[PDB]
There are 4 protein chains.
Amino acid sequence: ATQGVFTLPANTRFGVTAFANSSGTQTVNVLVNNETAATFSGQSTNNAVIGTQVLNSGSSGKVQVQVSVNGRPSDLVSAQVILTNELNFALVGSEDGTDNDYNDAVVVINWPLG
Amino acid sequence: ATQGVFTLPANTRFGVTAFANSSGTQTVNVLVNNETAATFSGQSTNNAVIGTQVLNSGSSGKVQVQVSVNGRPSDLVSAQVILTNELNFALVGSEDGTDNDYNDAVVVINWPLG
Amino acid sequence: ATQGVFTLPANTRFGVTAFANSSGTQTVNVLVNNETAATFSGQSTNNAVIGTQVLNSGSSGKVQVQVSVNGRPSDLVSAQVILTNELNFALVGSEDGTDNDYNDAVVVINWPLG
Amino acid sequence: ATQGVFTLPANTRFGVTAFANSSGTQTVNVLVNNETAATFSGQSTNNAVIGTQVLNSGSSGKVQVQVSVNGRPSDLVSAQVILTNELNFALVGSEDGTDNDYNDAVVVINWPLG
Ligand SMILES: C/C(O)=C1/C=C(CO[C@@H]2O[C@@H](C)[C@@H](O)[C@@H](O)[C@@H]2O)ON1
Ligand SMILES: C/C(O)=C1/C=C(CO[C@@H]2O[C@@H](C)[C@@H](O)[C@@H](O)[C@@H]2O)ON1
Ligand SMILES: C/C(O)=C1/C=C(CO[C@@H]2O[C@@H](C)[C@@H](O)[C@@H](O)[C@@H]2O)ON1
Ligand SMILES: C[C@@H]1O[C@@H](O)[C@@H](O)[C@H](O)[C@@H]1O
Ligand SMILES: [Ca+2]
Ligand SMILES: [Ca+2]
Ligand SMILES: [Ca+2]
Ligand SMILES: [Ca+2]
Ligand SMILES: [Ca+2]
Ligand SMILES: [Ca+2]
Ligand SMILES: [Ca+2]
Ligand SMILES: [Ca+2]
């Protein structure tokens, strides 16, 4: 199944934050309407924040997260959770190797803001 | 129901990260086995990452998040999600006012790390 | 925070199914647009399905679950989960007593159907 | 990533319930410790409960859901969500064709019971 693709309400600000947990340098690309809108890159085995940003979901509301390590695409896992019918989290884990901890880059998208 | 309380794997490092979205200054306390282990604070209506820290869940694994504004406790919402039977997120929203957006402080706990 | 309230896409069919795990008879009311659209009732300590039905979310998409036992509303917990950006679960637990297992009536709403 | 595999607490009763939404007859097999413990089959495009049963997670706690149509495995998606640190849902969707609604068989596992 496709992973890392989310439909947000149109024209809505959202936060995107990435953490790293791997020996490999993580490159996280955030697409809005199929065009790159943010890119973060960093290396940590201690959950360091490698980027955070606020983006707008635009007319389509389509947001996609991609993760790669030295050009090799990571396998993704994802889901969306909504609390009290208001607060949204779109969550992504990724695997760059063999251990299947799926934390090598972790990406959190949250909305609404403000 | 009780919210903002999570049983983590014992003795395990986790990330805890807080975001602010309110005119009120947020204070987030993170308790491990009923003792304050981290405190974050700030004021943003644009999702500022007011704190991020790596903690150990300790012998019992009990982690609790509390949020206050002006010394008054915010109302909390929470859940835990697990992806591919291994990647964990404990999620908290909080409300300091009347609009019920529940984003006034948002807290994300993630494990495993490394 | 309010629990058991979900905004579905408008005019969309959804499944609603209730399970019982309590000494007490559970009555589950499913509201669409703030009117009771279905009622289930039964008693089980073995997770019996006490009702299942397909409903339409109607023009507003507002769906609410309420649970009563022994003449008093049960305390509710809830969340919505979306898998692969397609498959939606709106989940409700409820507590009629003191043990806080929150399974006394469990309600699962799923969409889309077909 | 692997989907449809969950680790439950050992020796614990759980509910498993399957719904169908496809022109194809769904076969749902629920494995405990790698051996089939329940099986449900049926065709519906109206979310019929093609089966619901109480199982015990046994010594290993390992539960896996498999879905197929006339022997051909469906593609699975899954996640687990925990409410108020106690109430557990393990969720599975599946796709037997090309439209990616992932509702062709929907399986919900819930615990604790009683
Ligand atoms: C092909 C490629 O890039 C790798 C990198 C690793 C080491 O493994 C990576 O770093 C370790 C310190 C762990 O965080 C592990 O989860 C991660 O996958 O294995 N394969
Ligand atoms: C106690 C205290 O400081 C407040 C501030 C507000 C205004 O409301 C707060 O700020 C607004 C800009 C919104 O983000 C709103 O969701 C938030 O609840 O109400 N109470
Ligand atoms: C292998 C087999 O039997 C099928 C049936 C379909 C048609 O598609 C199936 O039925 C339709 C009515 C929709 O519910 C669709 O989501 C489902 O995938 O595709 N493959
Ligand atoms: C048999 C018992 O019945 C009621 O007391 C429930 O609140 C308990 O959770 C338990 O199911
Ligand atoms: Ca890894
Ligand atoms: Ca890792
Ligand atoms: Ca607010
Ligand atoms: Ca706010
Ligand atoms: Ca109870
Ligand atoms: Ca009970
Ligand atoms: Ca399908
Ligand atoms: Ca279908």
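Counting convention: from 1, in listed order, for ligands and their atoms alike. Reminder, nothing fancy here: chain letters follow the sequence lines and each chain counts from 1.
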Report task. List the steps and the verdict of side-chain contact (heavy atoms from CB on, under 4.5 Å) for C/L91 and D/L87. Result -> CA-CA 10 Å; C/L91 302 169; D/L87 182 70; over 6 Å; no
Query raised in the report: Partners of D/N88 by side chain to side chain contact (heavy atoms under 4.5 Å, CB included), sequence neighbours excluded?
Result: D/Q80, D/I82, D/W111
Query raised in the report: Backbone or side chain, does B/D101 get an N/O/S atom under 3.0 Å to the Ca ion (ligand 8)?
Result: yes
Requested in this report: Please determine which of D/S23, D/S22, D/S74 meets the side chain to side chain donor-acceptor pair (under 3.5 Å) test together with D/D96.
Outcome: D/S22
**Report entry** Listed partners of C/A18 passing side chain to side chain contact (heavy atoms under 4.5 Å, CB included), at least two apart
**Finding:** C/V28, C/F40, C/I50, C/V107
Query raised in the report: With sequence neighbours left out, what residues match B/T84 under side chain to side chain contact (heavy atoms under 4.5 Å, CB included)?
Result: A/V77, A/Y102, D/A1, D/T2, D/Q3
Requested in this report: Check whether any N, O or S atom of B/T45 sits under 3.0 Å from the Ca ion (ligand 8).
Outcome: no
Query raised in the report: Got a sec: is A/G114 within less than 3.0 Å of the Ca ion (ligand 8) via an N/O/S atom?
Result: yes
Query raised in the report: Taking the side chain from B/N103 and the backbone from A/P112, do they hold a donor-acceptor pair closer than 3.5 Å?
Result: yes
Report summary line: Tightest non-hydrogen contact, residues C/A37 and C/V32, listed as CB-CG2, 3.8 Å
**Report entry** Considering only N, O or S atoms of B/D104, the one closest to the Ca ion (ligand 8)
**Finding:** OD1
Give me the pairs of N or O atoms, one from ligand 2 and one from the protein, that sit under 3.5 Å apart.
{"unit_1": "ligand 2", "atom_1": "10 (O)", "unit_2": "B/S22", "atom_2": "OG", "d": "3.4"}
{"unit_1": "ligand 2", "atom_1": "10 (O)", "unit_2": "B/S23", "atom_2": "N", "d": "3.0"}
{"unit_1": "ligand 2", "atom_1": "10 (O)", "unit_2": "B/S23", "atom_2": "OG", "d": "3.3"}
{"unit_1": "ligand 2", "atom_1": "14 (O)", "unit_2": "A/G114", "atom_2": "O", "d": "3.1"}
{"unit_1": "ligand 2", "atom_1": "14 (O)", "unit_2": "B/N21", "atom_2": "O", "d": "3.1"}
{"unit_1": "ligand 2", "atom_1": "16 (O)", "unit_2": "B/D99", "atom_2": "OD1", "d": "3.0"}
{"unit_1": "ligand 2", "atom_1": "16 (O)", "unit_2": "B/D99", "atom_2": "OD2", "d": "2.6"}
{"unit_1": "ligand 2", "atom_1": "16 (O)", "unit_2": "B/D101", "atom_2": "OD1", "d": "2.9"}
{"unit_1": "ligand 2", "atom_1": "16 (O)", "unit_2": "B/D101", "atom_2": "OD2", "d": "2.9"}
{"unit_1": "ligand 2", "atom_1": "16 (O)", "unit_2": "B/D104", "atom_2": "OD1", "d": "3.0"}
{"unit_1": "ligand 2", "atom_1": "18 (O)", "unit_2": "B/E95", "atom_2": "OE2", "d": "3.3"}
{"unit_1": "ligand 2", "atom_1": "18 (O)", "unit_2": "B/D96", "atom_2": "OD1", "d": "2.6"}
{"unit_1": "ligand 2", "atom_1": "18 (O)", "unit_2": "B/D104", "atom_2": "OD1", "d": "3.2"}
{"unit_1": "ligand 2", "atom_1": "18 (O)", "unit_2": "B/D104", "atom_2": "OD2", "d": "3.2"}

Query raised in the report: Any sub-3.5 Å donor-acceptor pair from D/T52's side-chain atoms to D/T17's backbone N or O?
Result: no
Query raised in the report: N/O/S of B/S22 less than 3.0 Å from the Ca ion (ligand 8)?
Result: no
